[PDB]
Amino acid sequence: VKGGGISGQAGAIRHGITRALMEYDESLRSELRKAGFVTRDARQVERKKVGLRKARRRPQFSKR
Amino acid sequence: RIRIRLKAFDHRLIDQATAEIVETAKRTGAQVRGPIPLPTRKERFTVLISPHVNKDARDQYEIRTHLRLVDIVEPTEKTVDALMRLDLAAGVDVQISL
Amino acid sequence: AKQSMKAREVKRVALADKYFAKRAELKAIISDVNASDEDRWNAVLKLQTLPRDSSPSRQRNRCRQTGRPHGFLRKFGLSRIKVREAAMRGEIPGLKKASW
Amino acid sequence: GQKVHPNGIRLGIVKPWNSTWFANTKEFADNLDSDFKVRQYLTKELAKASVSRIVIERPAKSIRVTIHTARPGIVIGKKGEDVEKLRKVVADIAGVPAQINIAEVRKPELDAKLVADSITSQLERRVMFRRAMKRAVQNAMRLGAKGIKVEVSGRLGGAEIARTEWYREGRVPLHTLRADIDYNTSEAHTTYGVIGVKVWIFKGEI
Amino acid sequence: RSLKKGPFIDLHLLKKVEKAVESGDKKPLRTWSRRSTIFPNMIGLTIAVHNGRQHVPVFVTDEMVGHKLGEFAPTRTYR
Amino acid sequence: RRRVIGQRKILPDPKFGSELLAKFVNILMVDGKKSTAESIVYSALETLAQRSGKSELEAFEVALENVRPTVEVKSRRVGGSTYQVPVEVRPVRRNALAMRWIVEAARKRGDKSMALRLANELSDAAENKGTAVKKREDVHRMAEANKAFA
RNA sequence: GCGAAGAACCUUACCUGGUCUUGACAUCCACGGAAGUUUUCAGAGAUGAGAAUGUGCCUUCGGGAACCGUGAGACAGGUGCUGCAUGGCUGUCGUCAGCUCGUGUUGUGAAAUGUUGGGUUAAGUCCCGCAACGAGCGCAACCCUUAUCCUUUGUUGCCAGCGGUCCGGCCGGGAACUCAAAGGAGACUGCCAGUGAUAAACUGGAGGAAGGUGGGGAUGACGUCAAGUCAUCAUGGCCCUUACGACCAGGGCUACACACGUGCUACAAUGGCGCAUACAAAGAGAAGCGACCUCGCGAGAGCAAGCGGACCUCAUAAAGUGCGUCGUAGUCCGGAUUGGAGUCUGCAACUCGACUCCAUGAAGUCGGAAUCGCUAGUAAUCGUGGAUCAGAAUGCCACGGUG
RNA sequence: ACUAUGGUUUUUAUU
């Protein structure tokens, strides 16, 4: 393994182990099919919204 | 190891040299090295949409990097001077390398 | 913007042609102080302030598209208040959208 | 304004543009100043010569233009050399020697800028215009339109309110991303006030 | 202080320092020199320094050298 | 407005062996280092267990079973008057709440490290003890202010 | 923290002495001469005098042209005033689903109707149905993009397979895997079964780049407020024109009689202090970014490699983690307005810039009733860059780490 | 509904 943070390296290794078990046996190509370990997750970052510094915590700026 | 990488700034002006970058290589010699993938820089600019106040919204624009290697594969000076004083496209900059 | 300001906007480089635009490549070699107690060149740096309403710093461009000196984009030759309308019209070399 | 303009984002993506040239950062504003001033010159000389668009190119140490018209004969004029008198002005504005040529545009009553030039006169003269608008629509729908709209704003019925009067056929959608709309704005002046007229044409997607 | 090796010198005042050598009794002269410094080889004549609406007469002592003419002619009436 | 995408469920904790502890390391989460979760497991399992609960299989779970919230109060109208009306606590909140309130008293001791100062107040919850038990006891007293309705 | 990603002069409305009047920038009747190049004097300078030297190559009685300067009358010029005058630009309820027209019916008539009812949806969304029948505008749909596939190309990258090896991507060179583009495909409740007015619509399974608005965005109905803007302009009024125009040399715009809307860092100890360490993008870079190295406590300066950026540099990301240490205290906490002393740039840093080293260690013991933000890569919480430009951002915008 | 209970904001150029 090379590149990126060690908690992402771990996630790429569970994918690699599942793809290697899929090369080993015709029963593993079934028993691992829907386990979710080759099914790429989406925690996809939203387009940065003006005029917020970070994410969704809205600044006060209101009274008057 | 001498390189002559071509850089464009308008994507429609490098769409005029798409064949001539291969014909130049087949006219100067026989090996073709024009094409190359390379990392693209987005070269982004972001701007306000209201001329006054209203800093609540901004819109994004791009120019990107369009790059072709060209390269030199011929040692003969009557061909090296034709590649070092070369023409292919308009609105361009050329990166000479050692 | 006043017509007097629209004229200063060009006059502030039209004589810099003679004094700075072909001389200021030597701003560290000829135009910079080097001697202590006994200068030997020996009063030539005053010739850099001899022309009227004109200096290497006063070469400021302001903005040609609109009457605002601030809010200019030098790499596209436009003001930020007109650059969208011009980039939608396609007038700007190389600058475009898709989209974001 | 409100409701998306065909000269706005609709032209800012995937469409070709009439000026096609480059410039370095040390003189970029005079390159944009000349592009405006040469087209502003030519579009006013040819104001009654059925002109629609003008393209601009900048070859090395030169400038080159093409003028698109539905009447080449009035633009090329006497002896077939009446465009040469235009070079001497645009070469002063650009600072470089100028090249000029023309091109014939087909189906004139299908271009929004030449259709506007068939109806602005009727408002300027203060004459009956509802059949001029029927003709403007029916001639475009005969030539090859898939939709057309025309709308007048100013002095209608001698009122003081911001009221409009129109004629349409085939439906011209503006909120469609791909519809490639041809849109002209026109205005006339009279001893009873100014009168505006807008023309929108649809021919197909992309 | 310094300025770019050795003291700042200001020329439209200096053309009088060159003649007051040979100094004497005269009226205080109007001067627009506000960044000029009070060094012992540039001082010699009576002067009135500009404040942005008037010229005010100013005088210096033997124990001061690290100062500028504008500090003897303040531009504020206060409030 | 009832249209929601949250509404998450829990499963038994892999190291605490219980559904009643399934949220124990996940509450009041801050700055993502998750250093309490790594420092609270096994390293307090024989120093919290001193006098309460029978065997390691309940001697930590007792600190979430011996202390019980039973009632929660909010003002409501009945028959012709307003009262502080209680609602009786269900099994899905019976055990997984009272460990959310000891973080106040655990910040009045001068006691070192988050896991060990928290477990020292949780060690008292196994015998129904605590400093300022307001969020359990002051609502129980208010749920005795009226005891019959309509 | 707005116009403005910068401000000594300049910018600039405000303002004070000097000063020009057909105007710094024009057009109409006229009009002088190489465009250029040096240099002197009064004066703060504007300004006013000059003192000298440039005439191409053609060629017709001639005369060219950049830039300067003139003879009459109209005028020129104006961050002067006026968005209750007009075109353009633009805000928000709201990205809410709503607003209406032609003809028939009813009523004497303003109008009422349809758009209401009945299913259903994010949605006047989709269907059913009536004295209503038909219809436009907006809604949803294109496109941008993400999980995949088809396809092509490869150094300055990456470096396995092949030969040689300063045994090293090092020399030849190539695609293990992967970085890396540049161009196309396609999703339709389509298929299966259940509910429903077998309509519309809703709910599981099969197989998916993505299901049943897949996720995230763009667009701004009719209008409200006669919404802010002549500080970009256009352009009609009201006014100034030996001036409120244009300038030189300087005050300011960073005043202070005294009040608001927000923000940051601490009032500890999942906190500080010291030492050694894991793993990121993204961006700018020839008066630029500056390596190796020396000098000073340090800003920064010096010698000086690379060079238009997958290359060299800005520039050993920080929190996180280990190993040592300090303790429940106004503290090793906390760092503030003056004080001592340097560095850098420039016409010039007292008033009016930014960085750096020393001394002080104040106030701060959780705020006066009272008030406010956020529901999944969200709350949390710690770093990083850039525009301007001779001279610097506790801002603004963008990108990651951890959740 | 157990929220025991309540007053102003100029006539005058305008929506």
# chains A, B, ... in the order shown; residues from 1 in each chain; ligands from 1

$ residues_around --residues "residue 39 in chain E" --least-positions-apart "6" --cutoff "10 Å" --atoms "only C-alpha atoms (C1' of nucleotides)" --output "short mmCIF file (atom, residue, chain, number, x, y, z; two decimals) with C-alpha atoms, in the first residue's frame"
data_model
loop_
_atom_site.label_atom_id
_atom_site.label_comp_id
_atom_site.auth_asym_id
_atom_site.auth_seq_id
_atom_site.Cartn_x
_atom_site.Cartn_y
_atom_site.Cartn_z
CA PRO E 7 20.67 62.26 6.33
CA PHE E 8 17.78 63.22 4.04
CA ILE E 9 18.42 66.50 2.14
CA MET E 64 17.79 68.14 19.00
CA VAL E 65 18.81 66.43 15.69
CA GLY E 66 16.56 63.28 15.23
CA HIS E 67 13.42 65.28 14.16
CA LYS E 68 11.61 66.64 11.05
#

$ closest_atom_pairs --of "chain B" --to "chain G" --cutoff "6 Å" --atoms "only C-alpha atoms (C1' of nucleotides)" --output "tab-separated table"
residue	atom	partner	partner_atom	distance
B:35	CA	G:153	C1'	5.5
B:36	CA	G:154	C1'	5.0
B:37	CA	G:181	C1'	4.3
B:38	CA	G:180	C1'	5.4
B:39	CA	G:180	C1'	5.5

$ interface_residues --of "chain H" --to "chain F" --cutoff "12 Å" --atoms "only C-alpha atoms (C1' of nucleotides)" --output "PDB file with C-alpha atoms (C1' of nucleotides), in the first residue's frame"
ATOM      1  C1'   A H   1     -57.397  27.377  25.759  1.00  0.00           C
ATOM      2  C1'   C H   2     -55.382  28.104  32.188  1.00  0.00           C
ATOM      3  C1'   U H   3     -52.194  32.913  27.213  1.00  0.00           C
TER       4        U H   3
END

$ select_by_dssp --residues "chain C" --states "strand (DSSP E or B)" --output "PyMOL selection string"
chain C and resi 72-73+78-79+96

$ interface_residues --of "chain G" --to "chain E" --cutoff "12 Å" --atoms "only C-alpha atoms (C1' of nucleotides)" --output "ChimeraX atom specification"
/G:8,15-18,43-45,249-252,255-257,344-351

$ write_last_selection --atoms "C-alpha atoms (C1' of nucleotides)" --output "PDB file, in the first residue's frame"
ATOM      1  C1'   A G   8       2.873  59.200   2.291  1.00  0.00           C
ATOM      2  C1'   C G  15     -10.180  71.136   2.500  1.00  0.00           C
ATOM      3  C1'   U G  16      -6.284  75.668   2.686  1.00  0.00           C
ATOM      4  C1'   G G  17      -2.549  79.427   0.321  1.00  0.00           C
ATOM      5  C1'   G G  18      -0.812  80.052  -4.777  1.00  0.00           C
ATOM      6  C1'   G G  43       9.791  80.702  -7.682  1.00  0.00           C
ATOM      7  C1'   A G  44       7.143  75.888  -3.094  1.00  0.00           C
ATOM      8  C1'   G G  45       5.843  74.719  -7.725  1.00  0.00           C
ATOM      9  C1'   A G 249       2.192  72.562  -2.674  1.00  0.00           C
ATOM     10  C1'   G G 250      -0.008  70.723   1.692  1.00  0.00           C
ATOM     11  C1'   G G 251      -4.328  69.200   5.743  1.00  0.00           C
ATOM     12  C1'   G G 252      -7.321  65.034   5.681  1.00  0.00           C
ATOM     13  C1'   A G 255     -10.705  63.335  13.964  1.00  0.00           C
ATOM     14  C1'   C G 256     -13.790  62.806  18.919  1.00  0.00           C
ATOM     15  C1'   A G 257     -17.997  66.253  22.905  1.00  0.00           C
ATOM     16  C1'   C G 344      12.297  46.700   4.870  1.00  0.00           C
ATOM     17  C1'   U G 345      10.329  49.781   0.889  1.00  0.00           C
ATOM     18  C1'   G G 346       9.990  54.522  -1.122  1.00  0.00           C
ATOM     19  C1'   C G 347      10.261  61.751  -2.897  1.00  0.00           C
ATOM     20  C1'   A G 348       8.615  60.142   2.622  1.00  0.00           C
ATOM     21  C1'   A G 349       6.501  55.577   7.975  1.00  0.00           C
ATOM     22  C1'   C G 350       5.728  61.529  14.462  1.00  0.00           C
ATOM     23  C1'   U G 351       0.600  62.367  13.184  1.00  0.00           C
TER      24        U G 351
END

$ residues_around --residues "range 16-31 of chain D" --least-positions-apart "5" --cutoff "9 Å" --atoms "only C-alpha atoms (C1' of nucleotides)" --output "PyMOL selection string"
(chain B and resi 9-10+12-13+90-92) or (chain C and resi 63-65+74-78+89-94) or (chain D and resi 11+36+53-59+94)

$ residues_around --residues "residue 113 in chain D" --least-positions-apart "5" --cutoff "10 Å" --atoms "only C-alpha atoms (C1' of nucleotides)" --output "PDB file with N, CA and C atoms, in the first residue's frame"
ATOM      1  N   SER D  50     -28.601  45.535 -44.527  1.00  0.00           N
ATOM      2  CA  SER D  50     -28.986  44.157 -44.171  1.00  0.00           C
ATOM      3  C   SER D  50     -27.861  43.297 -43.569  1.00  0.00           C
ATOM      4  N   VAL D  51     -26.975  43.929 -42.797  1.00  0.00           N
ATOM      5  CA  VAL D  51     -25.923  43.273 -42.015  1.00  0.00           C
ATOM      6  C   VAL D  51     -26.514  42.549 -40.799  1.00  0.00           C
ATOM      7  N   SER D  52     -25.930  41.412 -40.411  1.00  0.00           N
ATOM      8  CA  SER D  52     -26.346  40.654 -39.220  1.00  0.00           C
ATOM      9  C   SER D  52     -25.220  40.441 -38.201  1.00  0.00           C
ATOM     10  N   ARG D  53     -24.040  39.944 -38.601  1.00  0.00           N
ATOM     11  CA  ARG D  53     -22.874  39.741 -37.720  1.00  0.00           C
ATOM     12  C   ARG D  53     -21.537  40.070 -38.395  1.00  0.00           C
ATOM     13  N   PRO D 108     -33.441  35.793 -45.230  1.00  0.00           N
ATOM     14  CA  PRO D 108     -33.317  37.038 -44.459  1.00  0.00           C
ATOM     15  C   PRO D 108     -34.424  37.220 -43.403  1.00  0.00           C
ATOM     16  N   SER D 118     -37.708  44.917 -40.460  1.00  0.00           N
ATOM     17  CA  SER D 118     -38.961  44.878 -41.242  1.00  0.00           C
ATOM     18  C   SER D 118     -40.171  45.443 -40.475  1.00  0.00           C
ATOM     19  N   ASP D 182     -32.487  33.009 -31.283  1.00  0.00           N
ATOM     20  CA  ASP D 182     -32.036  34.226 -31.952  1.00  0.00           C
ATOM     21  C   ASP D 182     -32.924  35.391 -31.479  1.00  0.00           C
ATOM     22  N   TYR D 183     -32.345  36.378 -30.797  1.00  0.00           N
ATOM     23  CA  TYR D 183     -33.065  37.413 -30.061  1.00  0.00           C
ATOM     24  C   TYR D 183     -32.506  38.814 -30.367  1.00  0.00           C
ATOM     25  N   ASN D 184     -33.348  39.683 -30.912  1.00  0.00           N
ATOM     26  CA  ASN D 184     -33.003  41.066 -31.226  1.00  0.00           C
ATOM     27  C   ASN D 184     -33.870  42.045 -30.422  1.00  0.00           C
ATOM     28  N   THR D 185     -33.243  43.126 -29.967  1.00  0.00           N
ATOM     29  CA  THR D 185     -33.868  44.276 -29.312  1.00  0.00           C
ATOM     30  C   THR D 185     -33.786  45.488 -30.225  1.00  0.00           C
ATOM     31  N   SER D 186     -34.897  46.192 -30.411  1.00  0.00           N
ATOM     32  CA  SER D 186     -35.014  47.354 -31.289  1.00  0.00           C
ATOM     33  C   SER D 186     -35.871  48.444 -30.642  1.00  0.00           C
ATOM     34  N   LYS D 198     -39.251  43.850 -29.378  1.00  0.00           N
ATOM     35  CA  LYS D 198     -38.438  42.653 -29.166  1.00  0.00           C
ATOM     36  C   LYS D 198     -38.859  41.528 -30.122  1.00  0.00           C
ATOM     37  N   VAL D 199     -37.886  40.776 -30.646  1.00  0.00           N
ATOM     38  CA  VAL D 199     -38.077  39.675 -31.609  1.00  0.00           C
ATOM     39  C   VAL D 199     -37.277  38.458 -31.162  1.00  0.00           C
ATOM     40  N   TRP D 200     -37.928  37.302 -30.988  1.00  0.00           N
ATOM     41  CA  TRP D 200     -37.306  36.029 -30.598  1.00  0.00           C
ATOM     42  C   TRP D 200     -37.650  34.930 -31.610  1.00  0.00           C
TER      43      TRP D 200
END

$ interface_residues --of "chain G" --to "chain D" --cutoff "9 Å" --atoms "only C-alpha atoms (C1' of nucleotides)" --output "list in words"
residues 88, 89, 90, 141, 142, 143, 219 and 220 of chain G

$ atom_distance --atom1 "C1' of residue 208 in chain G" --atom2 "CA of residue 13 in chain A"
24.6 Å

$ interface_residues --of "chain C" --to "chain G" --cutoff "7 Å" --atoms "only C-alpha atoms (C1' of nucleotides)" --output "JSON, numbers by chain"
{"C": [3, 4, 7, 25, 57, 58, 66, 67, 70, 98, 99, 100]}

$ atom_distance --atom1 "CA of residue 43 in chain D" --atom2 "CA of residue 75 in chain D"
11.5 Å

$ residues_around --residues "residue 24 in chain C" --least-positions-apart "3" --cutoff "8 Å" --atoms "only C-alpha atoms (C1' of nucleotides)" --output "list in words"
residues 20, 21, 27, 31 and 56 of chain C; 287 of chain G

$ residues_around --residues "range 148-151 of chain G" --least-positions-apart "3" --cutoff "12 Å" --atoms "only C-alpha atoms (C1' of nucleotides)" --output "list in words"
residues 39 and 40 of chain A; 182, 183, 184, 185, 186, 208, 209 and 210 of chain G

$ select_by_dssp --residues "range 23-95 of chain C" --states "alpha helix (DSSP H)" --output "list in words"
residues 83, 84, 85, 86, 87, 88 and 89 of chain C

$ write_last_selection --atoms "N, CA and C atoms" --output "CSV table (one decimal), in the first residue's frame"
chain,number,residue,atom,x,y,z
C,83,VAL,N,-16.9,41.6,-16.5
C,83,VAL,CA,-16.3,40.4,-17.0
C,83,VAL,C,-17.3,39.2,-17.2
C,84,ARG,N,-18.4,39.1,-16.5
C,84,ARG,CA,-19.4,38.0,-16.8
C,84,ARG,C,-20.0,38.2,-18.1
C,85,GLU,N,-20.6,39.4,-18.3
C,85,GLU,CA,-21.3,39.8,-19.5
C,85,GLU,C,-20.4,39.6,-20.8
C,86,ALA,N,-19.1,40.0,-20.7
C,86,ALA,CA,-18.1,39.8,-21.7
C,86,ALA,C,-17.7,38.3,-21.9
C,87,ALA,N,-17.6,37.5,-20.9
C,87,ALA,CA,-17.3,36.1,-20.9
C,87,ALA,C,-18.5,35.3,-21.4
C,88,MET,N,-19.7,35.7,-21.2
C,88,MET,CA,-20.9,35.2,-21.8
C,88,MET,C,-21.0,35.5,-23.3
C,89,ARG,N,-20.7,36.7,-23.7
C,89,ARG,CA,-20.5,37.2,-25.1
C,89,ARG,C,-19.4,36.5,-25.8

$ closest_atom_pairs --of "chain C" --to "chain E" --cutoff "8 Å" --atoms "only C-alpha atoms" --output "Markdown table"
| residue | atom | partner | partner_atom | distance |
| --- | --- | --- | --- | --- |
| C:33 | CA | E:4 | CA | 6.6 |
| C:34 | CA | E:5 | CA | 8.0 |
| C:35 | CA | E:5 | CA | 7.2 |
| C:36 | CA | E:5 | CA | 5.4 |
| C:37 | CA | E:6 | CA | 6.6 |

$ residues_around --residues "range 270-275 of chain G" --least-positions-apart "5" --cutoff "9 Å" --atoms "only C-alpha atoms (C1' of nucleotides)" --output "list in words"
residues 30, 35, 36, 113, 114 and 115 of chain F; 323, 324, 325, 326, 332 and 333 of chain G

$ write_last_selection --atoms "C-alpha atoms (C1' of nucleotides)" --output "PDB file, in the first residue's frame"
ATOM      1  CA  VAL F  30     -16.044  16.352  19.785  1.00  0.00           C
ATOM      2  CA  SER F  35      -9.533   9.007  22.130  1.00  0.00           C
ATOM      3  CA  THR F  36     -12.127   8.386  24.888  1.00  0.00           C
ATOM      4  CA  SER F 113      -8.307  12.369  31.713  1.00  0.00           C
ATOM      5  CA  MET F 114     -11.841  12.267  30.215  1.00  0.00           C
ATOM      6  CA  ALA F 115     -12.335   8.448  30.359  1.00  0.00           C
TER       7      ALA F 115
ATOM      8  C1'   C G 323       7.942  10.076  25.414  1.00  0.00           C
ATOM      9  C1'   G G 324       9.139  13.374  29.377  1.00  0.00           C
ATOM     10  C1'   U G 325       6.897  17.240  32.505  1.00  0.00           C
ATOM     11  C1'   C G 326       3.267  20.977  35.564  1.00  0.00           C
ATOM     12  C1'   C G 332       4.297  27.036  34.506  1.00  0.00           C
ATOM     13  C1'   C G 333      -2.896  30.044  33.182  1.00  0.00           C
TER      14        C G 333
END

$ atom_distance --atom1 "CA of residue 96 in chain B" --atom2 "CA of residue 4 in chain B"
4.8 Å

$ closest_residue --among "G:331, G:211, G:38, G:248" --to "residue 52 in chain C" --atoms "only C-alpha atoms (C1' of nucleotides)"
G:248
